[PDB]
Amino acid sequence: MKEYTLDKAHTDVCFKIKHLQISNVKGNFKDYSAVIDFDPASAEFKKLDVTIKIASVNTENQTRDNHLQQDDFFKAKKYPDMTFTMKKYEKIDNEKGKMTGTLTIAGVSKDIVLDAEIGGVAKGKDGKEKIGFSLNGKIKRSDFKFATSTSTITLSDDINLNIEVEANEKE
C-alpha cells in the first residue's frame, strides 16, 4: 500500500436526511363582492351575500395561485366564483353572533356556521355609518369534495376562514 492524509479543503463528510415540515398556507382574494344588511340598533345581520372570484386568489406565490385554478383544485374555468349566502344570524350579544349560511365551492354547497365578532359599530366623522366586524370558522375540504385528489395528509382537511370587514353605509 501507500498512506494518504486528507486534504480537508476538498473533502466533505456529508449527509442527507429527509424530514417533513408542517406549515400554514395563508391567502386572501383580490376580487370579491358583498351585500351587507345590518341593523346597528339591534346589532343583527339581516342579509350577507358574498361572491368571490376564484381567479383573484393570492397566496403570495404566483406558481401556486395558478395551480389552484386547475381541475385538482378550484376548476376556475368551469366554476369561476365561490359564494356565501347568509341564511340565519343568531345573535349572542352585541359583540358576538352565530351566522349560518350556504357556502358553494366548485358548484358544491354546504351550510356552514361562522362566528361573527363585531369589531365595532360607529357613525363616522363625515356623519355616515361605518361598521367593523369579522367572520371566523373552520370548513372541511371533504365536505365540499374539494381537491379530492390531494390526500388529507399532504394538505389539511381543515380550512380556516377569517373574513375581516370594514364597511360603510350606501348611496
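Numbering starts at 1 and runs along the sequence shown.
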* Largest Cα B-factor, entry values, listed residues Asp111, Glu129, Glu44, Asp115 -> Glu129
* Asked: In terms of the CA temperature factor given in the entry, to which third of its chain does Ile52 belong: lowest, middle or highest?
  -> middle
* Structure fact -> Split the chain's modelled residues into thirds by Cα B-factor; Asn136 lands in the lowest
* Lowest, middle or highest third: where is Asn61 by C-alpha B factor in its chain? -> highest
* Asked: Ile17's Cα B-factor: lowest, middle or highest third of the chain?
  -> lowest
* To do: Check where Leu103 lands among this chain's C-alpha B-factors and tell me if it's the lowest, middle or highest third.
  => lowest
